[PDB]
Amino acid sequence: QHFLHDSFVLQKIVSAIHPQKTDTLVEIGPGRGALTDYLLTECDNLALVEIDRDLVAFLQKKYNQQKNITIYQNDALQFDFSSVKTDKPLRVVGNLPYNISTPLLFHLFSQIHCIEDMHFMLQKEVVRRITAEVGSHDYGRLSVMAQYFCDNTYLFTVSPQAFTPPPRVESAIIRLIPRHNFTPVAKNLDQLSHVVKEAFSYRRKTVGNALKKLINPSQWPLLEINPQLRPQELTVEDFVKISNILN
């Protein structure tokens, strides 16, 4: 676990989020509450989600007199964010390890109607992948799903020296904002997830070969997609189009 301790970074995070007392926030991976201590004065309610028993015990001692802090000892990967009963979508924030980043994001996406926006500290590489340009070596399954669900923005890089103990690599803050008002929509989100997972299973296949069990040769022209391209060359809407012809 890497705990953020640099006050400049911490304040920079608060500024990016711009918490308001209208807001209900959920912080995943609060650590010692370094960021929490800034946030609790700026919002209506702040729920902390953490699986570690010792961390939670420390947090409970720290915040049991704090009216607007609520603490959940739960697995964030299984957490039902709709169980935080409030009138408005939640603002999610947090500090995530690499190994849990994709599954936590996908989990949040599956409940995205519950979520106003997200600000996370992640390993810089993950942020690059989330915000990757079509065609790049960083553009893959994570890129495609995250960019289908959200408009995503790299905000700034954070050096290892900001954390205790320090990570081995650069970190970064990313903003993800659920999209609305776009067309075409994927009519079936499971179909979309399957198409994209299959497409990127073997990155060096042509998409035609990758998806040969799903799309036959006569269908590629209907999608106006060149099946000789590798999947990394397809746009998010290309994948949405693939998904929709299957439903």
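If you read the sequence shown in the authors' numbering, its first letter stands for residue 12, the second for the next number, and so on. Heads up, the beta-carbon is just placed ideally off N, CA and C, and yes, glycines get one too.
Taking 3 residues as the minimum length, the beta strand (DSSP E) runs contained wholly in the region 22-70 are 35-39, 56-61, in order along the chain.
Listed in chain order, the beta strand (DSSP E) runs fully inside the region 146-201 are 161-169, 182-189, counting runs of at least 3 residues.
Take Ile-141, set aside five residues on each side of it, and the residues of its chain with a beta-carbon closer than 7 Å to its own are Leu-153, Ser-154, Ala-157, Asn-163, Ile-185, in chain order. Leaving aside the five residues that flank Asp-86 on each side, the residues in its chain whose CB is nearer than 6 Å to its CB run, in chain order, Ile-62. Following the DSSP letters along the chain, one finds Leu-233 in no alpha helix (DSSP H), marked with neither H nor E.
Here DSSP, grouped into helix, strand and coil, assigns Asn-255 to helix.
Our two residues, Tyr-165 and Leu-187, have alpha carbons roughly 9 Å apart in a direct line. With a 10 Å radius around the Cβ and a threshold of 16 neighbouring Cβ atoms, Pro-176 comes out exposed.
Distances from the CA of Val-67 to each of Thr-246, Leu-240, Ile-82, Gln-31 were compared; the closest alpha carbon is that of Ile-82. The Cβ-Cβ distance between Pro-114 and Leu-133 does not fall below 7 Å. Contact between the region 142-151 and the region 119-133 is absent, with fewer than three C-beta pairs closer than 8 Å. Within its own chain, the residues whose Cβ lies closer than 6 Å to the Cβ of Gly-42, once the five positions on either side in sequence are excluded, are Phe-14, listed in chain order. Residue range 218-221 is occupied by the alpha helix (DSSP H) that includes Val-218. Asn-255 is positioned such that its CB atom lies closer than 7 Å to that of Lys-198. Here the C-alpha atom of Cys-161 lies approximately 15 Å from the C-alpha atom of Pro-100. Counting only the Cα atoms, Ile-123 lies some 11 Å from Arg-102. The alpha-carbon separation between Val-20 and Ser-170 amounts to approximately 10 Å. One Cα belongs to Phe-69, the other to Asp-91, and the distance between them is close to 23 Å. Taken through DSSP and simplified to helix, strand or coil, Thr-81 comes out as strand. In this structure, DSSP gives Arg-140 a helical state, which the three-state scheme calls helix.
For the 7 Å CB-CB criterion, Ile-253 and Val-196 do not form a contact. Judged by their CB atoms, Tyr-159 and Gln-243 are not nearer to each other than the 7 Å cut-off.
The continuous stretches of alpha helix (DSSP H) do not include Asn-75, and DSSP gives it neither H nor E.
Spatial neighbours of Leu-46 in its own chain (CB-CB distance under 8 Å, excluding positions within 5 residues in sequence) are listed in chain order as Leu-15, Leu-21, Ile-24, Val-25, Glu-38, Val-104, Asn-106. Spanning the alpha carbons of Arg-190 and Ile-80 requires a straight line of approximately 29 Å.
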